[PDB]
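Those letters in the sequence shown? Residues 23 to 394, 409 to 615, 693 to 745, 756 to 1298, per PDB author numbering, in order. No residue lacks a Cβ here, since even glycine has one placed at the ideal position from N, Cα and C. Below: one structure, written as structure tokens.
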Amino acid sequence: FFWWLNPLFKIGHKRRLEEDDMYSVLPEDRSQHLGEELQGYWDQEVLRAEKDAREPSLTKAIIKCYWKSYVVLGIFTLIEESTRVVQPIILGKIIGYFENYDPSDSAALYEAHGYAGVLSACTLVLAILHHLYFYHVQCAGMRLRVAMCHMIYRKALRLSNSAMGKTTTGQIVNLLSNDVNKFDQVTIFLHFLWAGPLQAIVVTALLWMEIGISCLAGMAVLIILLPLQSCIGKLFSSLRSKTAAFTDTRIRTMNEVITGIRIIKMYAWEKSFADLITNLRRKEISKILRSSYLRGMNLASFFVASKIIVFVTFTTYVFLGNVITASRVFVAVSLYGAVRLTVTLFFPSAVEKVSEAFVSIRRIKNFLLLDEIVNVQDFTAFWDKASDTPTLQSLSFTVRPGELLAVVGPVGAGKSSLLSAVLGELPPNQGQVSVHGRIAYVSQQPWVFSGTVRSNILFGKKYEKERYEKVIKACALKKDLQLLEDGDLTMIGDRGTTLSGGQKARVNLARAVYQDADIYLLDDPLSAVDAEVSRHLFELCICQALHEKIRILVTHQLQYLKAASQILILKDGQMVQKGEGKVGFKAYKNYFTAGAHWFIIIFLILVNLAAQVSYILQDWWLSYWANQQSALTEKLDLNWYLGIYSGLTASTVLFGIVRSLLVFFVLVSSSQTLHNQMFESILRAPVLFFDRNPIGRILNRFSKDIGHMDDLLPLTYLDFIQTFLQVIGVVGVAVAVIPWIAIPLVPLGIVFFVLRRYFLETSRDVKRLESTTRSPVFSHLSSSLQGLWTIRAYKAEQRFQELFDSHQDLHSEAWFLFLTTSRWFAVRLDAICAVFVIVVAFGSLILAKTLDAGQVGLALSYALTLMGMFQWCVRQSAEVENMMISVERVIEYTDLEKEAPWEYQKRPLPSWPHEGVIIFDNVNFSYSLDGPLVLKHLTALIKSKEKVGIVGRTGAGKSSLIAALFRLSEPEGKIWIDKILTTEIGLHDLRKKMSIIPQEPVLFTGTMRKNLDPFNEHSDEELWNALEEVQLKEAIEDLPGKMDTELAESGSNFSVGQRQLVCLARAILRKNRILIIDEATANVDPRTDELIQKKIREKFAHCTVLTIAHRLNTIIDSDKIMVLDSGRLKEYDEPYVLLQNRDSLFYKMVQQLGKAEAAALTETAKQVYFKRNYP
Ligand SMILES: CCCCC[C@H](O)/C=C/[C@H]1[C@H](O)CC(=O)[C@@H]1CCCCCCC(=O)O
């Protein structure tokens, strides 16, 4: 009865409930312990399977782990199902007292009361057994999931570096998110796989006693259904699993869309991704309609099946020459209610939920069986033996205390591979490695995890102010922490997205120093800070402070190599040299009306009511036939009675099926419509909307909220509506047969709404608390997998495992409160139902002078159903009301403000732009109407085929100028392009016909064709011409196809210079006169960059060129340069003359480049000026 929650409900009505308030689970369910129990039997199973020389079975481990405990609960199943078959036989005796009634017999009146007490006792026994069983199997299910997730995490810590090549982080995280949650549904139903068939046999015997040989026909239909519903259950699981391939591909496209949306806009590619998503969605909904219609036929099987089974049974019974009496019919009808529940719901539900679990156990088995001084001599190793060449060859080196080793060479030279060899992550194929002392591993990609920055630094070490502050200053971190409002206690995101790159890098590095290790493997740590901070970190921390320790420093900063004791140059893998909360009716009306014309939704309501009325009327018709037969040689004309009866069952079967299918049609159509609306709105929504949201907050709408609307929500409505209309049926038949019942009902109804409200006040707190507690788990796994390298290097695995157990058992507390609260509530709705069953039974005996046998048989046969039905109905209603938060979260995106039309009715000439001139008149710009002006007063002219660029301080509007030409947010003032006003041509006129090389490139998933030509407008040989112009041909021809080859995911198989060259290829392909070049990005190689600059100058010599210069040399060829400051055009003049104007800002900046570079620029400026002056 869960009384221990009662004070928490009181607390949750006086207050909102909070995370500290929930009761902790037993020490026996602690995730640390609970995982080791299954890990042990998996070890044993691997041993056995080994000795047998066979594949191990994870199903074997799980049974050999849990079977002892879970087979005990079958005792409740046995006594529950024993009561369900007893209770109808007593009901037969009550109705008997009516069939043979006389008011005079005191002893009979007393006898009937005795059975009314036994029938009431059975009901209360059954109510508590139902709750003791269903509460325990849900806790057995929860234990299995926790043990699973502990094992999945345990393995993932130790995975092989090669294994990371054959399953991605997101797929591992999909195990926890989507695969393990199938286990909670396994344990709930298994015990029905034997109780169902057994109960079928027991009921077969009893019905043989009640109505003789006809018993077989009813069971004959049941053995037609039991295969069929199992076959449907298998095919449903086949269909559903195939949709996962479409849905995951769709979501990965949405991720590259929403992450990339600025560039997709700038290239006007929106048509491409619109079509591509539309086709994946059109395929996916092709399966989801089909998979849904199957599942709707499964629920329409439960609803209708009991009426078919009864109909065939009584059909044979009257042809065999029998006559109906009310005791026989309502005993028979009542028994089939038992077999209907277990065999038709719980045996199919067991089969399909076990079948679905094997899909998860199969994947998890495939995951669990994945692979799992400093002196180096003659070292050679392959990351993948399949490679034709070694990643390190004939390496020999050694480093001793006080030595600093600089590791130098090109990108992919093997420097990081050298560090991996030191780390032991790359084992030798020949040669040897020996290390003594504690390693300090500074990964090239900084690793930062959720917590405090101080938690990131301490990393389990004791806090000590002096050394800690010495690190904070030595890692040049004091200033930032003083700028932060919460200091070192500031909260950090899953990946430090709230932190700058140099911040996360410096925090990582500070962490390394805090450990006070012996061997420091510094992998390019200084590249993420400015030159002043870079040399401050090198000189004080690396040269002065870490001096007493072995250091190997993978660096490109040649400026520091003079301080190294020894330098190792690697090339081509070998050593070169060594020296909310509530929704309103509007959201329901929209969700249904979006799906169809009102003619459909009103027809749907008339089909529902027709189905339910026919369902009630069949049973009333039996009762009426019983009364008639009991009123009477002479006999009823079956061709009348059996006639009309056939119609009522026929209508029930028909509208039951139509009802179930049509709900899925209307609601899936609704979700199809809302997805396209939402997607059109997300395409045409301006960039500003994507700055005011993080990517995950948008992508959740498409991944989760559309997910609920397609799969789970339409089922939940159908499940609710089938139940709810039967509840209204029970109450309506009881009140119609014996009106006086209306009086007790009133207080009982008031108690129901008081009870309901008092629970629901807390329910929306537990649901929230559960949902908020769940996410940190997946966050931790993601952080851990990213840090896999480093966490492993520090030997920190045991702490991280304990942290995952901490998060996991937290959610176990939340889930445990959710379980117990739902049962506290469900128990008492059964208690209200028991009061209803009591009042019906006793009231009928009070009023016995007025009722008659068929009437009482009907009233009771309905009231007995209520116990399971009513407690479920109200708890489904709380799920519908939760999921409508999804439908409200998508509906708000359907109406986001829109960018101005892609095309006006005014359109430019197909030859426009002809001349490639641009003019600015008094323009001002800001990213949003509410914001400050970022650029102001500006006016300028660009002539045909001029070469110019933009310089200034950061935030001067450099990025704003490119944003203005594209009208990403509308301008103040005027810009003309080719004598026509930019605001008067459509965005697809304007954003095409100019070209923009972005600072950071993007490779979309797909073919090299699509990544170069999504329109297939360029001729088949032109890409080879363009590819030859970037000279990428001799690399890409090595792919499995010369063209139309698949790229790797995100183009990860190409290096940054190659990626940028693909963007240069895109520029080469489209022919338009106007080019803006974005700023050069970080760590590009020092050779292809000059090639790019040379090729740009060579090929686009006939274009009008702007540029945003990261470093000035990239544009000192230009005719004129614009100088911005404080959001205003300071200077627009020739670079030479600017350098002549020593007062110019341009000179005031170039003076900062140092005497040598200043002199070089002086002479080269004079030279190019002379060259320009000659003609
Ligand atoms: C369990 C899968 C959904 C079944 C939906 C179906 O419409 C029937 C539901 C009722 C039925 O009318 C009588 C009955 O006992 C079902 C409700 C109990 C289903 C199992 C959940 C038990 C619980 O949580 O208390």
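Item                                                                                                                  : Value
When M44, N122 and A71 are compared against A744, the one with the closest alpha-carbon                               : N122
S1049 vs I1231 beta-carbon contact at 9 Å                                                                             : no
Where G467 falls: helix, strand or coil (DSSP)                                                                        : strand
Buried versus exposed, by CB contacts within 10 Å (16 or more), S236                                                  : buried
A949 Cβ short of 8 Å to ligand 1 heavy atom set                                                                       : yes
Buried or exposed by the 16-neighbour rule on C-beta atoms within 10 Å, applied to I969                               : exposed
Check: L154 C-beta below 8 Å from any heavy atom of ligand 1                                                          : no
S371: CB within 8 Å of a non-hydrogen atom of ligand 1                                                                : yes
Helix, strand or coil at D524 [DSSP, three-state]                                                                     : helix
Residues of its chain near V345, where Cβ-Cβ distance is below 7 Å and the 5 sequence neighbours each way are ignored : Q742
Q539: CB within 8 Å of a non-hydrogen atom of ligand 1                                                                : no
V1013, enclosing beta strand (DSSP E) - first and last residue                                                        : No beta strand (DSSP E) holds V1013; the alpha helix (DSSP H) holding it covers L989 to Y1016.
Straight-line Cα distance separating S126 from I780                                                                   : 50 Å
Any non-hydrogen atom of ligand 1 closer than 8 Å to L321 Cβ                                                          : yes
Runs of alpha helix (DSSP H) wholly within the region 1040 to 1096 (minimum 4 residues, chain order)                  : 1081 to 1088
Residue environment, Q931, which counts as buried when at least 16 other CB atoms sit within 10 Å                     : buried
C-alpha gap between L848 and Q725, whole angstroms                                                                    : 7 Å
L784 to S793 span [Cα, whole Å]                                                                                       : 14 Å
Where the alpha helix (DSSP H) through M170 begins and ends                                                           : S128 to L179
Alpha carbon of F1127 to alpha carbon of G34, nearest angstrom                                                        : 50 Å
Spatial distance of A1190 from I1073 (CA atoms)                                                                       : 20 Å
Residue from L582, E575, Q539 and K540 whose Cα sits closest to the Cα of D554                                        : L582
Simplified DSSP state of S430, which is helix, strand or coil                                                         : strand
Reduced DSSP secondary structure (H/G/I, E/B, other) of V410                                                          : strand
Own chain, CB closer than 8 Å to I767, minus 5 neighbours either side, in chain order                                 : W734
Extent of the continuous beta strand (DSSP E) to which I767 belongs                                                   : Looking at the DSSP string, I767 is not in any beta strand (DSSP E); the run it does join, the alpha helix (DSSP H), is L761 to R807.
Validate contact between the region 103 to 123 and the region 183 to 201 using beta carbons, cut 8 Å, 3 pairs         : no
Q725 Cβ short of 8 Å to ligand 1 heavy atom set                                                                       : no
Complete alpha helix (DSSP H) runs within the region 894 to 950 (minimum length 4 residues, chain order)              : 911 to 916
Limits of the unbroken alpha helix (DSSP H) element including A1149                                                   : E1145 to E1152
Nearest residue (CA-CA) to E1254, options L1262, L1268 and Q1263                                                      : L1268
Any alpha helix (DSSP H) of 4 or more consecutive residues that is wholly inside the region 1101 to 1163              : 1110 to 1113, 1131 to 1135, 1145 to 1152 and 1156 to 1159
Limits of the unbroken beta strand (DSSP E) element including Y1255                                                   : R1251 to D1256
Collapsed DSSP secondary structure at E1169 in the structure displayed                                                : strand
Residue ranges of each alpha helix (DSSP H) within the region 59 to 118, 4 or longer                                  : 80 to 92
Exposure label - residue 753; buried when at least 16 CB within 10 Å                                                  : There are no coordinates for residue 753 in this structure, because the numbering of the chain runs from 745 directly to 756.
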